[PDB]
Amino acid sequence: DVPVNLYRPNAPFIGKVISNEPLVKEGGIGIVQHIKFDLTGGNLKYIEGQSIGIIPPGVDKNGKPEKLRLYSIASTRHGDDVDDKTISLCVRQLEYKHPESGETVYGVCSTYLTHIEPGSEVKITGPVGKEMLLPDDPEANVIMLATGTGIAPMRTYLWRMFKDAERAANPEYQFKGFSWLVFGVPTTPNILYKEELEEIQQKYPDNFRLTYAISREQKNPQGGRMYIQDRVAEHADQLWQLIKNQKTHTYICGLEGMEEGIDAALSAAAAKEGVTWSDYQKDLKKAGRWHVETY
């Protein structure tokens, strides 16, 4: 009943770029684009929390065709315009060091996507993923722990929960639980969707809490840069409390290696009550209340 693999790599959907807009403001690090695609003509359906594949043009440094890369869907099932006709992605351009054969490497698919023009056709596969789905229970608590482009799934949840047009379109889901986004980025110009996140937090002060960890502007208690694990350690007790509720779901998304500082913070909070976190967490995973997607 969750749509999966409506389109596959041997016969992808050919969508058209509608728009490609920058999300990183002046003064920020790197390039992150919000890219919307037109889905009319195909039967690509998807829900919140899933990914799609993009097949980039070209051959690797071997003569072999490029393989797909997966991207978290950044729009709800209805699209940004709530018309059931489009799909959006949140794509950071990958590039890294000079001292690295050839010197200065650009990711193939992320560079392709971040510089793609309106009107261009793209090969799209999917949707894929059953690990990051939102419960259809409007009384759920939803903890969201994101870094960088890991905001993408979180945006689909929050938009479904709190956008007026979404609430009008989803009569069956009128969110009245509590949700808390902890969001780690390097700078304030790097806070993707900042204006819309803060608009939500102002309309729904009792239903949404927003916490940033901005490493180039904030210091942790040890004098280091503020990262998301520092913010989690700061609120570990109240995060642990919320996690004990049977209705609480926790989502973690972003670049790999964020999961370990989060566990250490929740281990110390759980230990105060004679619980072993790593054992409790295994149970949460089995129950489908612990959702992780890192890359």
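All residue numbers are counted from 1 along the displayed sequence.
- The question of which stretch, 184-192 or 170-178, has the higher mean Cα B factor is settled in favour of 170-178.
- Just going by the entry, 39-47 versus 61-69 on mean CA temperature factor gives the higher value to 61-69.
- When the C-alpha B-factors of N220, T147, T86, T211 are ranked from the entry, the top spot goes to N220.
- Highest C-alpha temperature factor among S120, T156, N141, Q202, as the PDB entry reports it: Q202.
- Among the modelled residues of its chain, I54 has a C-alpha B-factor that falls in the lowest third, as given in the PDB entry.
- In the deposited entry, the Cα temperature factor of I29 sits in the middle third of values across the chain's modelled residues.
- When the modelled residues of the chain are ordered by their C-alpha B factor, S215 lands in the middle third.
- When the CA B factors of the chain's modelled residues are split into thirds, the value for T250 lands in the lowest one.
- Ranked against the other modelled residues of its chain, the C-alpha B-factor of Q93 as given in the entry falls in the middle third.
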